[PDB]
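Participant: Right, I'll just put the structure down here and ask away after.
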Amino acid sequence: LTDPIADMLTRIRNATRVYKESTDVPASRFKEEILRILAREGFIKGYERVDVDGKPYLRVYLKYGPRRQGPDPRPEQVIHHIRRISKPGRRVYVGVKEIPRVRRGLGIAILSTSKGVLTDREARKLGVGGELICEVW
Amino acid sequence: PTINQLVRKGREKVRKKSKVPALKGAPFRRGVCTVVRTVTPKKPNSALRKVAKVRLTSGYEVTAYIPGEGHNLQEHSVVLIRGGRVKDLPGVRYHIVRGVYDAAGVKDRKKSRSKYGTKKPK
RNA sequence: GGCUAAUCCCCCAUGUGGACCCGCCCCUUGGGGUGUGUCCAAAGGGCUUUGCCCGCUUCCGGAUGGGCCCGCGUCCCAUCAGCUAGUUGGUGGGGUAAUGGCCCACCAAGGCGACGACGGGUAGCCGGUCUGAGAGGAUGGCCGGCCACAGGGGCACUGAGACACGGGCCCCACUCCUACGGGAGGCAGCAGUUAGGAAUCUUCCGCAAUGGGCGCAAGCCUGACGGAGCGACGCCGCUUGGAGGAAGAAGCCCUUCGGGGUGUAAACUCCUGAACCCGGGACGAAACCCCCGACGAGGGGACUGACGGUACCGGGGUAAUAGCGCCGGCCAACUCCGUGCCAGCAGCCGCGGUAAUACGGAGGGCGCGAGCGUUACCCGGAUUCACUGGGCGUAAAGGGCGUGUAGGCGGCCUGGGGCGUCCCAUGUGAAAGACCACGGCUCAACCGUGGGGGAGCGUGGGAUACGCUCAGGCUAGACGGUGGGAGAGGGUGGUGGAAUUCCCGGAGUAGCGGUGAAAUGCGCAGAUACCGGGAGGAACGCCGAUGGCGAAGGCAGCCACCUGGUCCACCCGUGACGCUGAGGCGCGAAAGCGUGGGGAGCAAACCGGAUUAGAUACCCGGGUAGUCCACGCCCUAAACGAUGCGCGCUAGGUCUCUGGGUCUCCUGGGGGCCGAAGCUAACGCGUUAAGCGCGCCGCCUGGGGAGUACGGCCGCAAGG
RNA sequence: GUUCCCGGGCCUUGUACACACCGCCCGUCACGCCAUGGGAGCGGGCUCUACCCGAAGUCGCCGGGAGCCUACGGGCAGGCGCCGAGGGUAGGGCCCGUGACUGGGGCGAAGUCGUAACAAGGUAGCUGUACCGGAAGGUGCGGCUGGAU
Ligand SMILES: [Mg+2]
Ligand SMILES: [Mg+2]
Ligand SMILES: [Mg+2]
Ligand SMILES: [Mg+2]
Ligand SMILES: [Mg+2]
Ligand SMILES: [Mg+2]
Ligand SMILES: [Mg+2]
Ligand SMILES: [Mg+2]
Ligand SMILES: [Mg+2]
Ligand SMILES: [Mg+2]
Ligand SMILES: [Mg+2]
Ligand SMILES: [Mg+2]
Ligand SMILES: [Mg+2]
Ligand SMILES: [Mg+2]
Ligand SMILES: [Mg+2]
Ligand SMILES: [Mg+2]
Ligand SMILES: [Mg+2]
Ligand SMILES: [Mg+2]
Ligand SMILES: [Mg+2]
Ligand SMILES: [Mg+2]
Ligand SMILES: [Mg+2]
Ligand SMILES: [Mg+2]
Ligand SMILES: [Mg+2]
Ligand SMILES: [Mg+2]
Ligand SMILES: [Mg+2]
Ligand SMILES: [Mg+2]
Ligand SMILES: [Mg+2]
Ligand SMILES: [Mg+2]
Ligand SMILES: [Mg+2]
Ligand SMILES: [Mg+2]
Ligand SMILES: [Mg+2]
Ligand SMILES: [Mg+2]
Ligand SMILES: [Mg+2]
Ligand SMILES: [Mg+2]
Ligand SMILES: [Mg+2]
Ligand SMILES: [Mg+2]
Ligand SMILES: [Mg+2]
Ligand SMILES: [Mg+2]
Ligand SMILES: [Mg+2]
Ligand SMILES: [Mg+2]
Ligand SMILES: [Mg+2]
Ligand SMILES: [Mg+2]
Ligand SMILES: [Mg+2]
Ligand SMILES: [Mg+2]
Ligand SMILES: [Mg+2]
Ligand SMILES: [Mg+2]
Ligand SMILES: [Mg+2]
Ligand SMILES: [Mg+2]
Ligand SMILES: [Mg+2]
Ligand SMILES: [Mg+2]
Ligand SMILES: [Mg+2]
Ligand SMILES: [Mg+2]
Ligand SMILES: [Mg+2]
Ligand SMILES: [Mg+2]
Ligand SMILES: [Mg+2]
Ligand SMILES: [Mg+2]
Ligand SMILES: [Mg+2]
Ligand SMILES: [Mg+2]
Ligand SMILES: [Mg+2]
Ligand SMILES: [Mg+2]
Ligand SMILES: [Mg+2]
Ligand SMILES: [Mg+2]
Ligand SMILES: [Mg+2]
Ligand SMILES: [Mg+2]
Ligand SMILES: [Mg+2]
Ligand SMILES: [Mg+2]
Ligand SMILES: [Mg+2]
Ligand SMILES: [Mg+2]
Ligand SMILES: [Mg+2]
Ligand SMILES: [Mg+2]
Ligand SMILES: [Mg+2]
Ligand SMILES: [Mg+2]
Ligand SMILES: [Mg+2]
Ligand SMILES: [Mg+2]
Ligand SMILES: [Mg+2]
Ligand SMILES: [Mg+2]
Ligand SMILES: [Mg+2]
Ligand SMILES: [Mg+2]
Ligand SMILES: [Mg+2]
Ligand SMILES: [Mg+2]
Ligand SMILES: [Mg+2]
Ligand SMILES: [Mg+2]
Ligand SMILES: [Mg+2]
Ligand SMILES: [Mg+2]
Ligand SMILES: [Mg+2]
Ligand SMILES: [Mg+2]
Ligand SMILES: [Mg+2]
Ligand SMILES: [Mg+2]
Ligand SMILES: [Mg+2]
Ligand SMILES: [Mg+2]
Ligand SMILES: [Mg+2]
Ligand SMILES: [Mg+2]
Ligand SMILES: [Mg+2]
Ligand SMILES: [Mg+2]
Ligand SMILES: [Mg+2]
Ligand SMILES: [Mg+2]
Ligand SMILES: [Mg+2]
Ligand SMILES: [Mg+2]
Ligand SMILES: [Mg+2]
Ligand SMILES: [Mg+2]
Ligand SMILES: [Mg+2]
Ligand SMILES: [Mg+2]
Ligand SMILES: [Mg+2]
Ligand SMILES: [Mg+2]
Ligand SMILES: [Mg+2]
Ligand SMILES: [Mg+2]
Ligand SMILES: [Mg+2]
Ligand SMILES: [Mg+2]
Ligand SMILES: [Mg+2]
Ligand SMILES: [Mg+2]
Ligand SMILES: [Mg+2]
Ligand SMILES: [Mg+2]
Ligand SMILES: [Mg+2]
Ligand SMILES: [Mg+2]
Ligand SMILES: [Mg+2]
Ligand SMILES: [Mg+2]
Ligand SMILES: [Mg+2]
Ligand SMILES: [Mg+2]
Ligand SMILES: [Mg+2]
Ligand SMILES: [Mg+2]
Ligand SMILES: [Mg+2]
Ligand SMILES: [Mg+2]
Ligand SMILES: [Mg+2]
Ligand SMILES: [Mg+2]
Ligand SMILES: [Mg+2]
Ligand SMILES: [Mg+2]
Ligand SMILES: [Mg+2]
Ligand SMILES: [Mg+2]
Ligand SMILES: [Mg+2]
Ligand SMILES: [Mg+2]
Ligand SMILES: [Mg+2]
Ligand SMILES: [Mg+2]
Ligand SMILES: [Mg+2]
Ligand SMILES: [Mg+2]
Ligand SMILES: [Mg+2]
């Protein structure tokens with residue numbers, strides 16, 4: 001397997017499209033830092049380090065909206081959108097000045113910076129740039 | 001492609017192909033008629049369209065159109081040409097400019113006279 | 001041939017200083033310092049005259065302008081794939097301001113290339129300009145910077161500086177003048193002629209200003225420049241008038257003949273006053289110089305305007321040029337007549353064959369306006385090369401399949417470094433232009449003043465998450481051991497029977513065969529049909545399946561040997577050893593080819609009979625390559641799942657093959673069907689994705705021409 | 001009795017038909033227009049190599065049977081030599097223009113011949129290859145379904 005992060009974001013995206021309570025991703029200190037932001041910014045309920053058949057995973061507790069009236073009862077998503085930017089194929093970095101505003105503010109962009117994993121907002125407050133890991137809304 | 005493929009091969013900016021080769025960069029070209037005659041157009045039309053076989057100063061020898069009702073062109077007539085095919089006359093890709101050189105304007109035209117080399121009548 | 005001056009050349013002297021060799025110190029590529037030795041200076045002129053001004057000489061620093069060198073960036077063709085003898089380096093010299101193969105001698109065998117050498121094509125590069133939402137694309141005229149060139153080439157001389165546009169030598173091509181013996185020229189300076197072309201200006205006026213050169217200064221030179229001329233080429237400002245004026249003249253268009261329209265449009269009334277006439281008349285120009293002072297600081301003085309009697313200011317005063325494209329849909333604007341697939345229109349779709357809003361005219365209308373249209377080209381629309389921002393089951397598009405080189409890409413934990421990455425401070429990023437504000441020409445175009453930046457690169461400091469590197473661990477990826485399994489997987493060597501054919505013996509008689517029906521054909525020279533014997537070749541019935549195996553092509557009686565892939569259980573071993581894969585290499589159905597065998601059946605070509613208008617076919621009787629074996633070629637396909645490989649994630653039902661279990665059933669691995677979510681232009685796909693994602697590769701860019709031509713490599717040829 | 005011939009009704013299946021099978025459509029042969037390849041060759045551009053000759057000029061040697069100047073251990077004249085623009089000889093490479101004639105290609109069309117494909121297109125179609133035929137094509141071998149029933 002060639003990309004942990006891209007696998008991670010994807011493990012979720014499939015889980016939220018059929019409303020599972022949770023789903024597990026292979027554990028990493030970098031995934032904890034991203035789930036951390038994904039916890040705090042409230043796209044997920046939160047997560048916990050569990051163990052599967054002797055092997056370390058991270059169980060991620062998904063979060064959704066309310067049932068809807070109508071032909072399609074399926075509740076609205078909380079993570080409408082999640083996708084890698086920087087990839088092993090094509091590394092993507094931004095200086096502070098060209099840090100993007102995801103979805104006119106209503107979304108976030110996660111970063112890897114020399115000060116840690118930060119959002120579009122945070123990075124602009126601290127004044128630093130970094131590798132643009134992904135975008136979420 | 002992949003990103004890598006783009007780095008290795010890049011995209012291909014493909015060139016434009018001139019539809020007026022005989023002009024060779026120019027807006028217009030002077031020439032001389034060798035053969036003046038009429039030729040029947042393709043489906044689904046019928047007529048006797050007026051054409052000149054012209055040897056250009058650019059070296060190309062091409063088939064040009066004679067727009068309008070009547071003309072004075074005959075062999076050895078000097079002429080200026082401009083771009084533009086006559087869709088229905090295959091092989092014709094240029095137009096003779098009326099009101100230039102041995103090409104007189106149209107007799108009695110009153111409407112749209114610049115396009116037909118006609119002076120403003122009294 | 002002869003004389004003559006100097007700021008013209010030369011010798012001696014002075015040595016602040018400089019240069020050079022040798023030595024020491026400092027430095028650190030030839031930089032700074034010093035000692036012994038040696039070598040090198042010079043010019044006068046002029047006033048108001050024991051004093052100043054222009055100059056001269058040696059040396060150091062400055063400032064300015066350069067030379068040389070390095071990193072990075074700079075178009076198309078790989079149908080240009082290999083290039084190189086001063087070549088690449090060393091040593092010693094030559095040469096220059098200076099490094100250097102820049103040049104020479106010798107010495108070594110090296111230098112460059114798929115991160116595209118060499119070669120061919122094209123272009124001067126940039127600030128910028130144009131377009132574009134941006135990214136990007138296109139471009140480099142004017143203006144500013146750099147380069148290169150001065151009829152075509154070569155070379156040096158003078159010089160601080162040139163290998164010198166209006167300097168020199170030579171060669172070539174070209175033109176000229178001549179007194180016919182001989183000699184001169186170089187507009188890519190400003191105008192101008194000519195030629196080419198669709199096409200691009202006056203043989204103007206001036207040094208007044210700015211600037212440059214010479215000069216103590218006056219001043220002289222300045223086709224640089226400042227202006228003038230010509231060209232709607234471009235942008236901008238401006239005019240052809242304004243108010244009034246009929247239920248509305250004539251003319252013309254249309255009409256149902258009642259009327260509708262051009263149209264407040266015109267006429268006519270009043271008001272204004274482009275043009276032109278008269279008078280005034282610039283700004284741009286105060287310096288240099290002169291004056292007192294001090295030839296300075298400062299204060300005072302006079303001279304100078306090409307543009308120009310122009311702009312502008314004041315007075316008078318005439319209603320004073322409008323044209324061009326379009327009116328079928330796109331797309332704004334419609335009627336009558338004329339024409340009759342004619343004449344003609346055309347950017348695309350399309351118009352015209354007797355009621356054309358599409359052709360020609362007219363009326364009317366729409367759009368702009370000293371302009372309007374046309375041709376050509378650049379960007380846009382074109383997310384139609386897709387970085388932003390596309391695709392490949394059936395639309396164009398997955399390589400026939402493997403294996404592997406470079407390369408791209410890579411699991412979980414910890415530390416070192418800090419390469420990429422982020423931040424901060426600083427230098428550079430010229431001027432014009434762009435933009436924002438203001439201001440000057442009556443505005444504007446134009447122009448002035450100020451303001452705001454950026455990337456990108458140099459330097460210093462910082463950050464350490466991700467990618468990098470180094471180091472130390474782990475077992476989830478990958479491989480291995482142990483023990484088992486299924487299979488037409490592959491190669492060699494054997495061997496079994498069914499059937500067809502031919503031959504032999506028997507027995508037997510008048511037909512057999514074949515089609516839709518027939519004929520050809522075979523048969524009394526004894527066929528067919530039947531029994532026995534024998535010869536030879538090819539293919540394996542039932543099992544057999546919607547099955548199994550292989551990467552693909554493909555692989556089917558049975559037996560033995562040799563050999564590959566692959567699954568399962570145990571969770572024992574290694575510790576990221578992985579994925580992909582441009583080239584390369586191998587494999588690759590049929591047909592086809594080479595040499596030699598073999599040849600029963602079948603059967604391109606070919607013959608004959610039927611059919612038919614014909615029948616170079618379909619049907620029937622014959623029949624040669626070939627089909628089979630060995631070795632060696634060819635390398636193509638509807639080589640298909642029309643679906644590249646790997647990995648992870650996203651409901652289930654059912655059928656089947658094959659391992660293992662705790663044998664209802666659970667778990668793996670393959671083969672089908674239906675279906676969750678989702679995808680799709682639809683058809684359909686759907687844990688065997690065509691779903692959600694990452695990595696790498698191959699491929700597509702309208703149909704035809706064309707898988708053609710040319711080039712190139714391969715093959716015996718076919719041909720790839 | 002509904003197999004057959006004509007016409008029609010309903011469901012279904014194939015289609016490249018929609019001017020709707022009195023539909024579409026393929027290739028040769030004849031004619032005309034245009035462009036392209038080949039072709040005994042002809043002409044031009046650029047380029048490479050080997051050698052012969054070689055101006056100016058720099059640089060090097062000499063400067064004496066020998067000239068002028070002395071500043072005479074000198075300088076200039078003058079002589080020789082290397083490289084050298086280019087001229088000449090010979091053979092090669094890439095490109096361009098052109099050529100009797102020839103190969104197919106595009107278009108034109110109101111022509112001749114047949115009817116191969118689209119319906120089971122009247123022999124299912126397509127396919128690589130091979131042999132053959134006026135032409136579409138046929139047949140052999142193997143392959144595909146993108147083949148009605
Ligand atoms: Mg991106
Ligand atoms: Mg001419
Ligand atoms: Mg017509
Ligand atoms: Mg004439
Ligand atoms: Mg055009
Ligand atoms: Mg018109
Ligand atoms: Mg004297
Ligand atoms: Mg001396
Ligand atoms: Mg290339
Ligand atoms: Mg060299
Ligand atoms: Mg040498
Ligand atoms: Mg060239
Ligand atoms: Mg050029
Ligand atoms: Mg765009
Ligand atoms: Mg350019
Ligand atoms: Mg230009
Ligand atoms: Mg310029
Ligand atoms: Mg030159
Ligand atoms: Mg000239
Ligand atoms: Mg010359
Ligand atoms: Mg020259
Ligand atoms: Mg000088
Ligand atoms: Mg010099
Ligand atoms: Mg000169
Ligand atoms: Mg010169
Ligand atoms: Mg020069
Ligand atoms: Mg000159
Ligand atoms: Mg003369
Ligand atoms: Mg004489
Ligand atoms: Mg002479
Ligand atoms: Mg002259
Ligand atoms: Mg001319
Ligand atoms: Mg001129
Ligand atoms: Mg001018
Ligand atoms: Mg002056
Ligand atoms: Mg002076
Ligand atoms: Mg003069
Ligand atoms: Mg003058
Ligand atoms: Mg001027
Ligand atoms: Mg009325
Ligand atoms: Mg009225
Ligand atoms: Mg009237
Ligand atoms: Mg009326
Ligand atoms: Mg009026
Ligand atoms: Mg003045
Ligand atoms: Mg008046
Ligand atoms: Mg218009
Ligand atoms: Mg418009
Ligand atoms: Mg309209
Ligand atoms: Mg007529
Ligand atoms: Mg009519
Ligand atoms: Mg029209
Ligand atoms: Mg009309
Ligand atoms: Mg105007
Ligand atoms: Mg115009
Ligand atoms: Mg365009
Ligand atoms: Mg684009
Ligand atoms: Mg893309
Ligand atoms: Mg597309
Ligand atoms: Mg495939
Ligand atoms: Mg192949
Ligand atoms: Mg592989
Ligand atoms: Mg590797
Ligand atoms: Mg790596
Ligand atoms: Mg990593
Ligand atoms: Mg590390
Ligand atoms: Mg760093
Ligand atoms: Mg900066
Ligand atoms: Mg600037
Ligand atoms: Mg103002
Ligand atoms: Mg900007
Ligand atoms: Mg660290
Ligand atoms: Mg390690
Ligand atoms: Mg494992
Ligand atoms: Mg017998
Ligand atoms: Mg008898
Ligand atoms: Mg028998
Ligand atoms: Mg299999
Ligand atoms: Mg273990
Ligand atoms: Mg390969
Ligand atoms: Mg083969
Ligand atoms: Mg074979
Ligand atoms: Mg043969
Ligand atoms: Mg053979
Ligand atoms: Mg044989
Ligand atoms: Mg026959
Ligand atoms: Mg017959
Ligand atoms: Mg026959
Ligand atoms: Mg037969
Ligand atoms: Mg043979
Ligand atoms: Mg064969
Ligand atoms: Mg198949
Ligand atoms: Mg398959
Ligand atoms: Mg294919
Ligand atoms: Mg296809
Ligand atoms: Mg692949
Ligand atoms: Mg793909
Ligand atoms: Mg089982
Ligand atoms: Mg079992
Ligand atoms: Mg299964
Ligand atoms: Mg099967
Ligand atoms: Mg299905
Ligand atoms: Mg659904
Ligand atoms: Mg299933
Ligand atoms: Mg698709
Ligand atoms: Mg085309
Ligand atoms: Mg095409
Ligand atoms: Mg070929
Ligand atoms: Mg082929
Ligand atoms: Mg060839
Ligand atoms: Mg019927
Ligand atoms: Mg009924
Ligand atoms: Mg039916
Ligand atoms: Mg028919
Ligand atoms: Mg030719
Ligand atoms: Mg040729
Ligand atoms: Mg020749
Ligand atoms: Mg030649
Ligand atoms: Mg010789
Ligand atoms: Mg010589
Ligand atoms: Mg002497
Ligand atoms: Mg001499
Ligand atoms: Mg030579
Ligand atoms: Mg030569
Ligand atoms: Mg010569
Ligand atoms: Mg030819
Ligand atoms: Mg020809
Ligand atoms: Mg021909
Ligand atoms: Mg047929
Ligand atoms: Mg058929
Ligand atoms: Mg057929
Ligand atoms: Mg065939
Ligand atoms: Mg015949
Ligand atoms: Mg045949
Ligand atoms: Mg196959």
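Just remember, in the structure tokens the first chain shown is A, the second B, etc., residues are 1-based per chain, and ligands are 1-based in the order shown.
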With a distance threshold of 10 Å and counting only C-alpha atoms (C1' of nucleotides), extract the residues of chain C near chain A and express them as number ranges by chain.
Facilitator: C: 408-413, 421-423, 463-467, 475-477, 578-579, 646-651, 676-678, 691-696
Participant: Residues of chain B within 8 Å of chain D, counting only C-alpha atoms (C1' of nucleotides), what are they? List them as a list in words.
Facilitator: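 Residues passing the distance filter: residues 42, 90 and 91 of chain B.
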Participant: Write a file of the selected residues as a PDB file, in the first residue's frame, keeping N, CA, C and O atoms.
Facilitator:
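Written out: part_33.pdb:
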ATOM      1  N   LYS B  42     -21.245  22.068 -56.918  1.00  0.00           N
ATOM      2  CA  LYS B  42     -21.617  20.731 -56.451  1.00  0.00           C
ATOM      3  C   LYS B  42     -23.010  20.673 -55.847  1.00  0.00           C
ATOM      4  O   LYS B  42     -23.654  21.700 -55.650  1.00  0.00           O
ATOM      5  N   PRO B  90     -15.607  23.394 -55.381  1.00  0.00           N
ATOM      6  CA  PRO B  90     -14.397  22.758 -54.851  1.00  0.00           C
ATOM      7  C   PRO B  90     -13.147  23.185 -55.614  1.00  0.00           C
ATOM      8  O   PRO B  90     -13.179  23.354 -56.835  1.00  0.00           O
ATOM      9  N   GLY B  91     -12.067  23.408 -54.873  1.00  0.00           N
ATOM     10  CA  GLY B  91     -10.831  23.894 -55.449  1.00  0.00           C
ATOM     11  C   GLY B  91     -10.736  25.400 -55.449  1.00  0.00           C
ATOM     12  O   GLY B  91      -9.661  25.960 -55.614  1.00  0.00           O
TER      13      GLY B  91
END
Participant: For chain A, work out the contacting residues on chain B at 9 Å, counting only C-alpha atoms, and write them as a list in words.
Facilitator: residues 2, 3 and 4 of chain B
Participant: Could you list, as a ChimeraX atom specification, all the residues within 12 Å of ligand 44, counting only C-alpha atoms (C1' of nucleotides) and all ligand atoms?
Facilitator: /C:241-245,263-268
Participant: Would you pick out the contacts of residue 19 in chain A at 12 Å or less, using only C-alpha atoms (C1' of nucleotides), so that residues sharing its chain but fewer than 6 positions from it are not included, and give the list as number ranges by chain?
Facilitator: A: 12-13, 61-67, 74-79; C: 650-651, 677
Participant: When the cut-off is 10 Å and we count only C-alpha atoms (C1' of nucleotides), which residues of chain B are near chain C, given as number ranges by chain?
Facilitator: B: 1-6, 8, 10-14, 20, 23-30, 44-49, 57, 67-70, 80-88, 95, 97, 108-115
Participant: Select the residues contacting ligand 107 at a distance of at most 8 Å, based on only C-alpha atoms (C1' of nucleotides) and all ligand atoms, then format the selection as a PDB file with C-alpha atoms (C1' of nucleotides), in the first residue's frame.
Facilitator:
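The resulting pocket-v6.pdb:
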ATOM      1  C1'   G C 702     -13.125  15.129 -36.075  1.00  0.00           C
ATOM      2  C1'   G C 703     -14.131  11.403 -40.815  1.00  0.00           C
ATOM      3  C1'   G C 704     -11.447  10.050 -45.169  1.00  0.00           C
ATOM      4  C1'   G C 705      -6.597  10.092 -47.405  1.00  0.00           C
TER       5        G C 705
END
Participant: Neighbouring residues of residue 148 in chain D were defined as those with any atom within 12 Å, considering only C-alpha atoms (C1' of nucleotides); residues of the same chain fewer than 4 positions away were excluded. Please report them as JSON, numbers by chain.
Facilitator: {"D": [13, 14, 15, 119, 120, 121, 124, 125]}
Participant: For range 21-29 of chain D, list every protein, DNA or RNA residue within 12 Å, evaluated using only C-alpha atoms (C1' of nucleotides), and leave out those in the same chain fewer than 6 positions away; present the list as a ChimeraX atom specification.
Facilitator: /D:15,111-119,121,134-137
Participant: From a DSSP calculation on the backbone, collect every residue of chain B in strand (DSSP E) and output the set as a PyMOL selection string.
Facilitator: chain B and resi 29-39+49-56+61-65+78-83+92-96
Participant: Could you write those residues out with N, CA and C atoms, as a tab-separated table (two decimals), in the first residue's frame?
Facilitator:
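Contents of out38.tsv, freshly written:
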chain	number	residue	atom	x	y	z
B	29	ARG	N	-3.05	39.42	-52.56
B	29	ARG	CA	-2.01	39.10	-53.52
B	29	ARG	C	-2.44	39.46	-54.93
B	30	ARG	N	-1.57	40.15	-55.66
B	30	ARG	CA	-1.81	40.48	-57.06
B	30	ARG	C	-1.45	39.29	-57.95
B	31	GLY	N	-2.13	39.15	-59.08
B	31	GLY	CA	-1.84	38.08	-60.02
B	31	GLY	C	-2.39	38.36	-61.41
B	32	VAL	N	-2.27	37.38	-62.29
B	32	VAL	CA	-2.78	37.53	-63.65
B	32	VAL	C	-3.59	36.32	-64.06
B	33	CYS	N	-4.71	36.58	-64.72
B	33	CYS	CA	-5.57	35.50	-65.19
B	33	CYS	C	-4.95	34.81	-66.38
B	34	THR	N	-4.93	33.48	-66.33
B	34	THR	CA	-4.51	32.71	-67.48
B	34	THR	C	-5.79	32.23	-68.15
B	35	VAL	N	-6.64	31.60	-67.35
B	35	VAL	CA	-7.90	31.05	-67.83
B	35	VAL	C	-9.11	31.67	-67.14
B	36	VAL	N	-10.01	32.26	-67.92
B	36	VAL	CA	-11.26	32.78	-67.39
B	36	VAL	C	-12.42	31.98	-67.98
B	37	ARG	N	-13.32	31.49	-67.13
B	37	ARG	CA	-14.41	30.62	-67.55
B	37	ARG	C	-15.48	30.45	-66.47
B	38	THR	N	-16.46	29.60	-66.75
B	38	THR	CA	-17.49	29.25	-65.77
B	38	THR	C	-17.47	27.75	-65.50
B	39	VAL	N	-17.78	27.38	-64.26
B	39	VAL	CA	-17.68	25.99	-63.83
B	39	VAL	C	-18.88	25.63	-62.95
B	49	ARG	N	-20.83	29.44	-62.19
B	49	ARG	CA	-20.04	30.34	-61.36
B	49	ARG	C	-18.81	30.84	-62.10
B	50	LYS	N	-18.49	32.12	-61.91
B	50	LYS	CA	-17.41	32.77	-62.65
B	50	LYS	C	-16.09	32.67	-61.89
B	51	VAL	N	-15.08	32.15	-62.57
B	51	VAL	CA	-13.81	31.84	-61.93
B	51	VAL	C	-12.64	32.34	-62.78
B	52	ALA	N	-11.51	32.66	-62.13
B	52	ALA	CA	-10.27	32.95	-62.84
B	52	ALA	C	-9.16	32.02	-62.41
B	53	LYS	N	-8.38	31.54	-63.37
B	53	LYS	CA	-7.17	30.79	-63.05
B	53	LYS	C	-6.04	31.80	-63.00
B	54	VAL	N	-5.49	32.02	-61.81
B	54	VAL	CA	-4.55	33.11	-61.62
B	54	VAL	C	-3.16	32.66	-61.19
B	55	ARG	N	-2.13	33.13	-61.90
B	55	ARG	CA	-0.74	32.91	-61.49
B	55	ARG	C	-0.25	34.04	-60.60
B	56	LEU	N	-0.05	33.75	-59.32
B	56	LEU	CA	0.29	34.78	-58.34
B	56	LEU	C	1.75	35.22	-58.38
B	61	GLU	N	-0.16	29.05	-58.23
B	61	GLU	CA	-1.12	29.24	-59.30
B	61	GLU	C	-2.44	28.58	-58.89
B	62	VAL	N	-3.41	29.41	-58.51
B	62	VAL	CA	-4.66	28.96	-57.89
B	62	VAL	C	-5.90	29.49	-58.59
B	63	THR	N	-7.04	28.97	-58.14
B	63	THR	CA	-8.34	29.22	-58.74
B	63	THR	C	-9.12	30.21	-57.90
B	64	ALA	N	-9.49	31.34	-58.50
B	64	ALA	CA	-10.11	32.44	-57.75
B	64	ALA	C	-11.53	32.73	-58.24
B	65	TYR	N	-12.35	33.31	-57.37
B	65	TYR	CA	-13.75	33.54	-57.69
B	65	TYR	C	-14.04	34.95	-58.18
B	78	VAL	N	-5.03	41.60	-65.15
B	78	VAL	CA	-4.37	41.67	-63.85
B	78	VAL	C	-5.42	41.85	-62.76
B	79	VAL	N	-5.18	41.26	-61.60
B	79	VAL	CA	-6.23	41.10	-60.60
B	79	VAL	C	-5.63	41.05	-59.19
B	80	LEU	N	-6.39	41.52	-58.20
B	80	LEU	CA	-6.06	41.28	-56.80
B	80	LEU	C	-7.01	40.27	-56.18
B	81	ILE	N	-6.48	39.38	-55.34
B	81	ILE	CA	-7.30	38.38	-54.68
B	81	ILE	C	-7.27	38.51	-53.15
B	82	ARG	N	-8.29	37.97	-52.51
B	82	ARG	CA	-8.38	37.98	-51.06
B	82	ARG	C	-8.78	36.59	-50.63
B	83	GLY	N	-8.86	36.36	-49.33
B	83	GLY	CA	-9.13	35.02	-48.84
B	83	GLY	C	-10.59	34.64	-48.99
B	92	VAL	N	-11.86	26.06	-55.23
B	92	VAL	CA	-11.83	27.51	-55.14
B	92	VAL	C	-11.74	27.94	-53.68
B	93	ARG	N	-10.65	28.61	-53.34
B	93	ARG	CA	-10.36	28.99	-51.97
B	93	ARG	C	-10.02	30.47	-51.83
B	94	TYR	N	-10.19	31.22	-52.92
B	94	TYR	CA	-9.91	32.65	-52.91
B	94	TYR	C	-10.95	33.45	-53.69
B	95	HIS	N	-10.98	34.76	-53.47
B	95	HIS	CA	-11.95	35.65	-54.11
B	95	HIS	C	-11.23	36.81	-54.79
B	96	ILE	N	-11.65	37.15	-56.00
B	96	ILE	CA	-11.09	38.32	-56.65
B	96	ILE	C	-11.74	39.60	-56.14
Participant: Neighbouring residues of residue 35 in chain A were defined as those with any atom within 9 Å, considering only C-alpha atoms (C1' of nucleotides); residues of the same chain fewer than 4 positions away were excluded. Please report them as a ChimeraX atom specification.
Facilitator: /A:30-31,39-40,44,46-47,60
Participant: Output C-alpha atoms for every residue in that selection, as an mmCIF file, in the first residue's frame.
Facilitator:
data_model
loop_
_atom_site.group_PDB
_atom_site.id
_atom_site.type_symbol
_atom_site.label_atom_id
_atom_site.label_comp_id
_atom_site.auth_asym_id
_atom_site.auth_seq_id
_atom_site.Cartn_x
_atom_site.Cartn_y
_atom_site.Cartn_z
ATOM 1 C CA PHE A 30 0.374 11.380 11.768
ATOM 2 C CA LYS A 31 -3.118 9.954 11.446
ATOM 3 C CA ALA A 39 -12.197 15.500 15.955
ATOM 4 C CA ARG A 40 -11.911 19.138 17.127
ATOM 5 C CA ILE A 44 -16.364 13.054 13.513
ATOM 6 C CA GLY A 46 -13.969 11.336 18.001
ATOM 7 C CA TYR A 47 -11.659 8.327 17.923
ATOM 8 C CA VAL A 60 -13.123 6.479 14.206
#
